[PDB]
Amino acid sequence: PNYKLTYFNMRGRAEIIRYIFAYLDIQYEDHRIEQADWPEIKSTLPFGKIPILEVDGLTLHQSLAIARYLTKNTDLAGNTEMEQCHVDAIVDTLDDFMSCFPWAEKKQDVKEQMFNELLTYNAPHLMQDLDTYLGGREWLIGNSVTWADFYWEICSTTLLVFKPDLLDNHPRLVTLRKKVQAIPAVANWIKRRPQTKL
């Protein structure tokens, strides 16, 4: 199966798929486009948003739909039907918050105001909810790593760019991040991937 992932030159919403490709050792074309080439691609897509994943001539969309598709029947999926539910839920919780950021806002002052509020007022509560939920367990769901741990690590990396002290009071969450960063396939990708802010 030939895989071609199209997104911007960013970790962004494509990073979860990139970590999954890496973990399962699947070769794919990591297509990164410049904004100048975006509108011309956007015009041809069923839903006009990226990332998109082409699989054998069939254009998939929605980052998490794609991530879920790639991890189905792999060890990154939950180990029970109920675990796959918790995986899905943690991912959508992380996603709901990340989606609140006005990533495309062109008015810089309005963008900064918004970012600062979400990070200062809302992010600390999400960390508290996740920390309690994790408890003293090794992974967010079950006894082995799932793509929710991957998504936690990814989301938290971006939040830390803007608010570095976010996890000063959550050592257990720092440990989880580090655990994810230590997985050989993930570590390799982290070392070799393009270094972008977002």
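Take the two forms, superpose them, and find the largest set of C-alpha atoms that agree within 1.5 Å; that set is the rigid core. Throughout, we count residues from 1 along the sequence that is shown.
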- Compare 145-153 with 40-48 and report which one shows the larger root mean square C-alpha deviation from this form in 6 other deposited structures of this protein once the rigid core is superposed. 40-48
- Message: Which segment is farther from the shown form on average in 6 other deposited structures of this protein after a rigid core fit, 82-90 or 112-120, going by CA atoms?
- Response: 112-120
- Message: Comparing average C-alpha B factors as deposited, tell me which of 134-142 and 62-70 sits higher.
- Response: 134-142
- Check the entry's C-alpha temperature factors for 177-185 and 12-20, then say which stretch has the higher mean. 177-185
- Item | Residue with highest C-alpha B-factor in the PDB entry, from 45, 53, 160, 33 | 33
- Note on the structure: When the entry's CA B-factors for 127, 90, 82, 98 are compared, the highest one belongs to 82
- Note on the structure: residue 26: CA temperature factor from the record, placed by chain third, in the highest
- Taking the chain's C-alpha temperature factors as the reference, tell me which third residue 170 falls into: lowest, middle or highest. highest
- Message: By the recorded C-alpha temperature factor, relative to the other modelled residues in its chain, which third is residue 104 in?
- Response: highest
- Task: Using the B-factors in the PDB entry, rank residue 94's C-alpha atom against the chain and give the third, lowest, middle or highest.
- Result: lowest
